[PDB]
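S.K.: The following file, structure33.txt, comprises compact mmCIF, C-alpha atoms and all ligand atoms:
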```txt
# COMPACT_ATOMS: atom_id res chain seq x y z
CA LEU Q 8 67.81 110.21 104.79
CA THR Q 9 64.39 111.96 104.87
CA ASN Q 10 66.25 115.18 105.81
CA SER Q 11 68.80 114.97 103.01
CA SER Q 12 68.94 117.95 100.66
CA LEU Q 13 70.62 115.95 97.90
CA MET Q 14 68.71 112.67 98.02
CA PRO Q 15 65.61 113.81 96.16
CA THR Q 16 67.78 114.85 93.14
CA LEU Q 17 70.22 111.95 92.94
CA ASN Q 18 70.30 109.16 90.41
CA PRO Q 19 67.76 106.42 91.29
CA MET Q 20 70.38 103.72 91.72
CA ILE Q 21 72.30 105.98 94.11
CA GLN Q 22 69.09 106.63 96.02
CA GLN Q 23 68.40 102.89 96.46
CA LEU Q 24 71.97 102.21 97.57
CA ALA Q 25 71.92 105.06 100.10
CA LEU Q 26 68.69 103.64 101.50
CA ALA Q 27 70.12 100.13 101.66
CA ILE Q 28 73.24 101.27 103.49
CA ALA Q 29 71.25 103.38 105.91
CA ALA Q 30 68.88 100.48 106.54
CA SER Q 31 71.81 98.19 107.23
CA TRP Q 32 73.18 100.61 109.84
CA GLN Q 33 69.92 101.78 111.36
CA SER Q 34 69.63 99.32 114.28
CA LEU Q 35 73.33 99.00 115.06
CA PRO Q 36 74.85 100.35 118.29
CA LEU Q 37 75.78 103.58 116.55
CA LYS Q 38 77.63 106.51 118.01
CA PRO Q 39 78.58 109.69 116.19
CA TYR Q 40 81.90 109.94 114.49
CA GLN Q 41 82.98 113.57 114.16
CA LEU Q 42 84.72 114.21 110.88
CA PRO Q 43 87.37 116.90 110.82
CA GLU Q 44 85.87 120.28 111.69
CA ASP Q 45 82.63 118.32 112.47
CA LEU Q 46 81.90 118.37 108.80
CA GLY Q 47 78.34 117.74 107.58
CA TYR Q 48 77.33 119.63 104.46
CA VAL Q 49 79.86 121.47 102.31
CA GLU Q 50 79.75 123.24 99.00
CA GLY Q 51 82.35 124.98 96.87
CA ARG Q 52 82.94 126.51 93.47
CA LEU Q 53 85.96 128.04 91.72
CA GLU Q 54 85.74 128.83 87.99
CA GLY Q 55 83.32 126.13 86.98
CA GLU Q 56 80.51 124.10 88.50
CA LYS Q 57 79.67 123.89 92.17
CA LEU Q 58 80.19 120.73 94.16
CA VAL Q 59 77.79 119.92 96.98
CA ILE Q 60 78.55 117.18 99.51
CA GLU Q 61 76.52 115.74 102.36
CA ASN Q 62 78.37 113.63 104.92
CA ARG Q 63 77.06 111.19 107.52
CA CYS Q 64 79.46 109.30 109.77
CA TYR Q 65 79.10 106.88 112.65
CA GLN Q 66 81.03 104.29 114.59
CA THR Q 67 80.35 101.08 116.50
CA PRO Q 68 82.68 98.75 118.47
CA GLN Q 69 83.45 96.77 115.32
CA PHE Q 70 83.60 99.70 112.89
CA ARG Q 71 85.98 102.54 113.54
CA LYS Q 72 84.28 104.83 111.06
CA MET Q 73 81.14 104.36 108.95
CA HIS Q 74 81.02 107.07 106.34
CA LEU Q 75 78.26 107.67 103.79
CA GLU Q 76 78.82 110.60 101.47
CA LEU Q 77 76.52 111.93 98.77
CA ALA Q 78 77.67 114.53 96.25
CA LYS Q 79 76.54 116.40 93.18
CA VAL Q 80 78.46 118.61 90.76
CA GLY Q 81 76.16 121.12 89.15
CA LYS Q 82 73.47 119.12 87.43
CA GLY Q 83 75.72 116.67 85.70
CA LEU Q 84 77.61 114.32 88.06
CA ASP Q 85 76.30 112.53 91.17
CA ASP Q 86 78.30 110.34 93.52
CA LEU Q 87 77.74 108.00 96.41
CA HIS Q 88 80.78 107.07 98.47
CA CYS Q 89 80.66 104.69 101.38
CA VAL Q 90 83.33 103.04 103.47
CA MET Q 91 82.97 101.02 106.67
CA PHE Q 92 86.43 101.15 108.21
CA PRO Q 93 86.91 98.26 110.57
CA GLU Q 94 88.33 98.35 114.04
CA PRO Q 95 91.55 96.37 113.56
CA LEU Q 96 91.08 94.46 116.80
CA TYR Q 97 88.27 92.47 115.17
CA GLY Q 98 89.92 91.88 111.78
CA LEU Q 99 86.93 92.55 109.63
CA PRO Q 100 87.40 93.49 105.96
CA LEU Q 101 86.66 96.90 104.56
CA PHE Q 102 83.27 97.47 102.96
CA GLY Q 103 83.29 100.14 100.28
CA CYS Q 104 81.31 101.38 97.38
CA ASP Q 105 81.52 104.23 94.88
CA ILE Q 106 78.71 104.97 92.44
CA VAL Q 107 79.12 107.72 89.83
CA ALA Q 108 76.27 108.88 87.64
CA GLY Q 109 75.42 111.60 85.17
CA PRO Q 110 72.29 112.54 83.33
CA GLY Q 111 72.84 109.59 80.99
CA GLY Q 112 72.90 107.14 83.84
CA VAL Q 113 75.40 105.41 86.04
CA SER Q 114 78.90 105.44 84.61
CA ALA Q 115 80.67 103.51 87.35
CA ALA Q 116 79.46 101.18 90.08
CA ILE Q 117 82.08 99.75 92.39
CA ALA Q 118 81.56 97.69 95.54
CA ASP Q 119 83.78 95.44 97.56
CA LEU Q 120 84.66 93.75 100.81
CA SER Q 121 88.39 94.39 100.74
CA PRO Q 122 91.03 92.41 102.64
CA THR Q 123 93.14 93.64 105.48
CA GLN Q 124 95.23 90.47 106.05
CA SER Q 125 98.89 90.42 104.93
CA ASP Q 126 98.17 87.47 102.55
CA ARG Q 127 95.59 89.73 100.79
CA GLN Q 128 92.81 87.20 101.38
CA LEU Q 129 89.44 87.76 102.96
CA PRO Q 130 88.75 85.72 106.09
CA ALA Q 131 87.57 82.19 105.39
CA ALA Q 132 83.97 82.84 106.48
CA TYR Q 133 83.69 85.73 103.98
CA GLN Q 134 85.20 83.68 101.12
CA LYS Q 135 82.63 81.02 101.68
CA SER Q 136 79.62 83.29 102.03
CA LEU Q 137 80.62 85.35 98.99
CA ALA Q 138 81.23 82.31 96.85
CA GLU Q 139 77.70 81.11 97.70
CA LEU Q 140 76.14 84.20 96.08
CA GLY Q 141 77.19 83.03 92.63
CA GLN Q 142 79.17 84.84 89.93
CA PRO Q 143 76.98 87.72 88.84
CA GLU Q 144 76.66 88.46 85.18
CA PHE Q 145 77.25 91.98 84.04
CA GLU Q 146 77.56 93.02 80.41
CA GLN Q 147 79.91 95.96 80.82
CA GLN Q 148 82.69 95.10 83.19
CA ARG Q 149 85.45 97.61 83.83
CA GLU Q 150 89.06 96.80 84.69
CA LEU Q 151 90.39 98.22 87.93
CA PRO Q 152 93.28 100.67 87.78
CA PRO Q 153 96.61 99.47 89.20
CA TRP Q 154 95.99 100.99 92.66
CA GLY Q 155 92.93 98.76 92.77
CA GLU Q 156 95.04 95.77 93.69
CA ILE Q 157 93.60 96.49 97.18
CA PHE Q 158 90.20 95.10 96.19
CA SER Q 159 89.18 91.48 96.66
CA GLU Q 160 88.37 88.96 93.94
CA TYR Q 161 84.69 89.67 94.65
CA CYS Q 162 84.95 93.37 93.75
CA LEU Q 163 82.36 94.67 91.35
CA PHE Q 164 83.34 97.40 88.85
CA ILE Q 165 80.78 97.90 86.11
CA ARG Q 166 78.82 100.26 84.02
CA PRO Q 167 75.25 99.00 84.53
CA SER Q 168 73.71 98.30 81.14
CA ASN Q 169 69.98 98.33 82.07
CA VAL Q 170 67.64 98.42 85.03
CA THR Q 171 68.00 94.68 85.60
CA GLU Q 172 71.72 95.19 86.10
CA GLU Q 173 71.24 98.20 88.34
CA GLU Q 174 68.95 96.08 90.51
CA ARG Q 175 71.36 93.16 90.47
CA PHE Q 176 74.20 95.41 91.59
CA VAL Q 177 72.11 96.90 94.44
CA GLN Q 178 71.11 93.44 95.55
CA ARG Q 179 74.73 92.35 95.58
CA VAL Q 180 75.62 95.28 97.83
CA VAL Q 181 72.69 94.40 100.10
CA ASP Q 182 74.12 90.87 100.21
CA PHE Q 183 77.65 92.10 101.01
CA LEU Q 184 76.31 94.25 103.82
CA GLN Q 185 74.25 91.34 105.19
CA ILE Q 186 77.31 89.06 105.27
CA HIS Q 187 79.41 91.82 106.81
CA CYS Q 188 76.96 92.70 109.56
CA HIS Q 189 76.60 88.98 110.48
CA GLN Q 190 80.35 88.41 110.55
CA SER Q 191 80.71 91.45 112.79
CA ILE Q 192 78.59 89.70 115.48
CA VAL Q 193 80.69 86.56 115.48
CA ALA Q 194 84.11 88.35 115.42
CA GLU Q 195 86.18 88.28 118.47
CA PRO Q 196 89.12 90.35 119.47
CA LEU Q 197 92.39 89.28 117.93
CA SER Q 198 95.92 89.04 119.18
CA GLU Q 199 98.16 92.09 119.26
CA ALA Q 200 100.14 90.80 116.22
CA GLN Q 201 97.01 90.13 114.26
CA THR Q 202 95.56 93.50 115.19
CA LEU Q 203 98.70 95.10 113.90
CA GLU Q 204 98.49 93.17 110.63
CA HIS Q 205 94.94 94.37 110.10
CA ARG Q 206 95.88 97.94 110.92
CA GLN Q 207 98.58 97.71 108.25
CA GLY Q 208 96.09 96.52 105.74
CA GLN Q 209 93.75 99.38 106.44
CA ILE Q 210 96.55 101.94 106.14
CA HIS Q 211 97.58 100.48 102.79
CA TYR Q 212 93.99 100.58 101.61
CA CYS Q 213 93.71 104.27 102.36
CA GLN Q 214 97.05 105.13 100.79
CA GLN Q 215 96.05 103.36 97.59
CA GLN Q 216 92.58 104.93 97.46
CA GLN Q 217 94.26 108.30 97.60
CA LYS Q 218 95.76 107.53 94.16
CA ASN Q 219 92.36 107.94 92.54
CA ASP Q 220 92.91 111.02 90.39
CA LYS Q 221 89.34 110.96 89.11
CA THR Q 222 88.00 111.69 92.57
CA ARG Q 223 90.75 114.16 93.24
CA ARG Q 224 90.00 116.17 90.09
CA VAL Q 225 86.33 116.52 91.01
CA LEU Q 226 87.34 117.93 94.35
CA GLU Q 227 90.06 120.13 92.92
CA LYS Q 228 87.78 121.73 90.30
CA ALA Q 229 85.46 122.95 93.04
CA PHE Q 230 87.81 123.62 95.94
CA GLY Q 231 91.45 123.58 94.73
CA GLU Q 232 94.45 121.36 95.30
CA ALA Q 233 95.09 122.04 98.96
CA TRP Q 234 91.46 121.52 99.95
CA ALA Q 235 91.29 118.34 97.91
CA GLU Q 236 94.43 116.93 99.48
CA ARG Q 237 93.05 117.62 102.96
CA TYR Q 238 89.71 116.07 102.06
CA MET Q 239 91.09 112.92 100.57
CA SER Q 240 93.65 112.35 103.29
CA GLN Q 241 91.64 113.52 106.31
CA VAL Q 242 87.95 113.00 105.45
CA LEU Q 243 87.72 110.20 102.84
CA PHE Q 244 90.77 107.96 103.34
CA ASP Q 245 92.31 108.83 106.67
CA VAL Q 246 95.44 106.86 107.55
CA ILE Q 247 95.26 105.46 111.00
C1 LIG E 1 83.70 113.10 97.01
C2 LIG E 1 83.76 111.72 96.84
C3 LIG E 1 83.93 110.98 95.55
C4 LIG E 1 83.83 111.46 94.22
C5 LIG E 1 83.60 112.87 93.75
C6 LIG E 1 84.12 110.36 93.42
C7 LIG E 1 84.22 110.42 92.00
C8 LIG E 1 84.63 109.48 91.11
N1 LIG E 1 85.05 108.11 91.31
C9 LIG E 1 85.38 107.53 90.13
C10 LIG E 1 85.96 106.27 89.92
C11 LIG E 1 86.36 105.21 90.72
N2 LIG E 1 86.15 105.00 92.12
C12 LIG E 1 86.68 103.79 92.46
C13 LIG E 1 86.60 103.14 93.73
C14 LIG E 1 86.21 103.65 94.93
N3 LIG E 1 86.15 105.02 95.25
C15 LIG E 1 85.74 105.17 96.58
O1 LIG E 1 85.63 106.36 97.11
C16 LIG E 1 85.59 103.89 97.13
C17 LIG E 1 85.21 103.71 98.61
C18 LIG E 1 85.89 102.99 96.17
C19 LIG E 1 85.81 101.51 96.18
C20 LIG E 1 85.34 100.75 97.19
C21 LIG E 1 87.33 103.27 91.33
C22 LIG E 1 88.06 101.94 91.24
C23 LIG E 1 87.12 104.10 90.28
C24 LIG E 1 87.63 103.97 88.87
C25 LIG E 1 88.91 104.80 88.71
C26 LIG E 1 89.45 104.83 87.33
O2 LIG E 1 88.68 104.58 86.36
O3 LIG E 1 90.66 105.18 87.17
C27 LIG E 1 85.11 108.50 89.13
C28 LIG E 1 85.22 108.15 87.62
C29 LIG E 1 83.93 107.54 87.14
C30 LIG E 1 83.99 106.85 85.77
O4 LIG E 1 85.11 106.64 85.27
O5 LIG E 1 82.92 106.50 85.21
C31 LIG E 1 84.72 109.64 89.68
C32 LIG E 1 84.34 110.94 89.04
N4 LIG E 1 84.37 109.20 94.20
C33 LIG E 1 84.20 109.61 95.54
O6 LIG E 1 84.40 108.81 96.50
```
So, in terms of structure tokens, how does the structure I just supplied come out?
Ligand SMILES: C=CC1=C(C)/C(=C/c2[nH]c(/C=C3N=C(/C=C4\NC(=O)C(C)=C4C=C)C(C)=C\3CCC(=O)O)c(CCC(=O)O)c2C)NC1=O
M.R.:
Amino acid sequence: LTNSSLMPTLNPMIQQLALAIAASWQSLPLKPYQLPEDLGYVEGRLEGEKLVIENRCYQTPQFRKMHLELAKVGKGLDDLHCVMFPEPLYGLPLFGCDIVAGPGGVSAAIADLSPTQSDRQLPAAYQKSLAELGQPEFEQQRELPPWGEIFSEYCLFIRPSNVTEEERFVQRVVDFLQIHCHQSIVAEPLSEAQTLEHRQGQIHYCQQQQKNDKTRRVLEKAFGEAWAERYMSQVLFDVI
């Protein structure tokens, strides 16, 4: 991230999360993942503010696509988006996070390990490890929208109320990533029927994420409807 144009000007929580995700990935058996049109940096404006986006994307044998996106709209909204899309053959859950900030601080902090099984449960090893972290206390919880039925019972969706909560959130994401990277070493390839189940779950996850009109409006204000539809369906939440 030392080469990032956006990092130096992003919200401090976002900065720490970007670093933590990058650190988690740094020693993995990474290969490039080429986004559509080999996208890296992109910017656009229409009648209002400009949107700037920096994309990084990788893959490993366990993760089909590892995408970390940083964005800023003018000087007033920052975002971090990250999804680790699993390879269905290994049946791992989906790691995701979305952090939205403005000049008055973080407005939304979301992180999850989301199920891909038909029964909408995380694998047993994840349930146990997540349970062992304890129920975190956050003063300003937010209710997920209906499309957010895709998220697990361990999903965080808050407005951080103070620095202690920002740090607690980051630490919880660090803990999710630690659990996830360990489970990815002990996963073994699944049966064809199980693989198919997990593929289904990942498709559903992407279709539901595409219902997020708050993201879509940010993109549309800078690039227009057609661009935004392509971005959400081909770059952010591609249906496999
Ligand atoms: C260019 C990329 C990008 C942008 C611009 C973006 C913006 C964005 N996401 C938001 C919400 C949100 N974002 C999520 C969740 C997620 N979203 C994800 O991309 C992932 C991976 C998850 C979860 C793992 C949810 C649940 C909300 C709240 C939606 C709502 O309030 O209706 C919001 C509203 C913030 C608020 O209400 O305080 C904005 C502006 N998200 C992005 O990804």
S.K.: Need to verify the contact set: residue 91 in chain Q, 10 Å, only C-alpha atoms, exclusion of same-chain residues closer than 2 positions in sequence. Can you return it as a list in words?
M.R.: residues 64, 65, 66, 69, 70, 71, 72, 73, 74, 75, 89, 93, 94, 99, 100, 101, 102, 103, 104, 120, 184 and 187 of chain Q
S.K.: Could you list the protein, DNA and RNA residues that have any atom within 9 Å of ligand LIG 1 (chain E), counting all atoms listed in the file, and write them as a PyMOL selection string?
M.R.: chain Q and resi 58+60+76-80+84-91+101-108+113-121+149-155+158+162-166+216-226+238-239+243-244
S.K.: Quick one: contact table of range 169-195 of chain Q to range 22-29 of chain Q, 8 Å max, nearest atom pair and distance in Å to one decimal per residue, counting all atoms listed in the file, chain and number order, as CSV?
M.R.:
```
residue,atom,partner,partner_atom,distance
Q:177,CA,Q:24,CA,6.2
Q:180,CA,Q:24,CA,7.8
Q:181,CA,Q:27,CA,6.5
Q:184,CA,Q:28,CA,7.7
```
S.K.: CA of residue 20 in chain Q and CA of residue 173 in chain Q are how many Å apart?
M.R.: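 Atom-to-atom, CA of residue 20 in chain Q and CA of residue 173 in chain Q are spaced 6.5 Å apart.
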S.K.: Expressed in Å to a single decimal, how great is the separation between CA of residue 231 in chain Q and CA of residue 109 in chain Q?
M.R.: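 Going from CA of residue 231 in chain Q over to CA of residue 109 in chain Q, I get 22.2 Å.
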S.K.: Kindly give the distance, in Å, that separates CA of residue 246 in chain Q and CA of residue 214 in chain Q, rounded to a single decimal.
M.R.: 7.2 Å
S.K.: Which one of Q:129, Q:137, Q:200, Q:42 sits closest to residue 245 in chain Q if you count all atoms listed in the file?
M.R.: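 Closest residue, counting all atoms listed in the file: Q:42.
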S.K.: In terms of the shortest atom-to-atom distance over only C-alpha atoms, which of Q:41, Q:185, Q:147, Q:209 is closest to residue 124 in chain Q?
M.R.: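 With only C-alpha atoms as the atom set, the closest residue is Q:209.
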S.K.: With all atoms listed in the file as the basis for distance, which of Q:122, Q:19, Q:143, Q:112 is at the shortest distance from residue 179 in chain Q?
M.R.: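 Among the listed residues, Q:143 lies closest to residue 179 in chain Q.
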S.K.: Find the spatial neighbours of residue 202 in chain Q, counting only C-alpha atoms, within a cut-off of 7 Å - ignore same-chain residues fewer than 3 positions away - and output them as a list in words.
M.R.: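 Here the answer would be residues 95, 96, 98, 197, 198, 199, 205 and 206 of chain Q.
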S.K.: Which one of Q:123, Q:34, Q:62, Q:18 sits closest to residue 207 in chain Q if you count all atoms listed in the file?
M.R.: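 Of all the options, Q:123 lies closest to residue 207 in chain Q.
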S.K.: Go through Q:17, Q:139, Q:97, Q:188 and flag the residue nearest residue 36 in chain Q, using all atoms listed in the file for the distances.
M.R.: Q:188
S.K.: Nearest residue to residue 211 in chain Q out of Q:30, Q:247, Q:8, Q:21, using all atoms listed in the file?
M.R.: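 Among the listed residues, Q:247 lies closest to residue 211 in chain Q.
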